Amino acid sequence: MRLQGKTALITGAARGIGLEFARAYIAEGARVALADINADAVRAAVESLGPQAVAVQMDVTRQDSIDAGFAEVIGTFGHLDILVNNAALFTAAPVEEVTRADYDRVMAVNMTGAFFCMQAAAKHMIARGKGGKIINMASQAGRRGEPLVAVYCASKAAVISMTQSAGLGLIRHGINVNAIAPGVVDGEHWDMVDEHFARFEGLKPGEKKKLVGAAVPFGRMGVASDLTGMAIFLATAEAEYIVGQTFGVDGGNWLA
């Protein structure tokens, strides 16, 4: 029970990595607000986690929806100890084909949404004066550009930068800002990525997946439970001297 009596807000928590972080945090004795744009999906997730979980509808692309969501969580819990910025969209396209629509929608969620949710947590944690924890979900894609993934890579590079900036600015208020950079994650996350590479190569139905998996030094694609240990550790006092860092949990797919 490494988070006993702590309160957390996780964005994009209805499914995949965010749902798994909410589960693990409840198992460590935290109260968790699960935020997602889809009220039905986040109601269902809360129903699967039990009475330590609460559902919040939030569109992280809109300031008024951010302020209302935070107001609701603070109203219910009284205070917020931990923000996990996990909401993200994927897109792929050669730079010469990227549309304003895809650009705008991936930047609004991955970068701007993460920034202003971090700001909302930060303002609440400064006012309270008891510190807190902010964990941004970055990506291997944030460490180096790749062809076809310019928009996604740039959004995650900005998440790593804002983790650093906010980390050095907020540590004097006892707020630890850090990031986790997953590698290639299996199942539902992979399928999001795979669906955006259809128009380009699509090399043979499902061979791409075992190749990318085979090429991960560890020998498989990631599962959500590879990340939960790091998500818990960064929210504990054993990590109070860790400030502004991005930790690769990627089976050796990247080195930092």
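Each residue number is its position in the shown sequence, starting from 1.
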For the higher mean C-alpha B factor in the entry, choose 158-166 or 70-78. 70-78
Between the two ranges 188-196 and 54-62, the one averaging a larger CA B factor in the entry: 188-196
Among 44, 227, 216, 35, highest Cα B-factor in the entry goes to 216
Splitting the chain's C-alpha B-factors into thirds, which one does residue 133 fall into? lowest
Just say lowest, middle or highest third for the CA B-factor of residue 19 relative to the other modelled residues in its chain. middle
According to the PDB entry, is the CA B factor of residue 246 in the bottom, middle or top third of its chain, that is, lowest, middle or highest? lowest
Of the three thirds of Cα B-factor ranks in this chain, residue 235 occupies the middle
Please rank the C-alpha B-factors of the chain's modelled residues and tell me whether residue 203 sits in the lowest, middle or highest third. highest
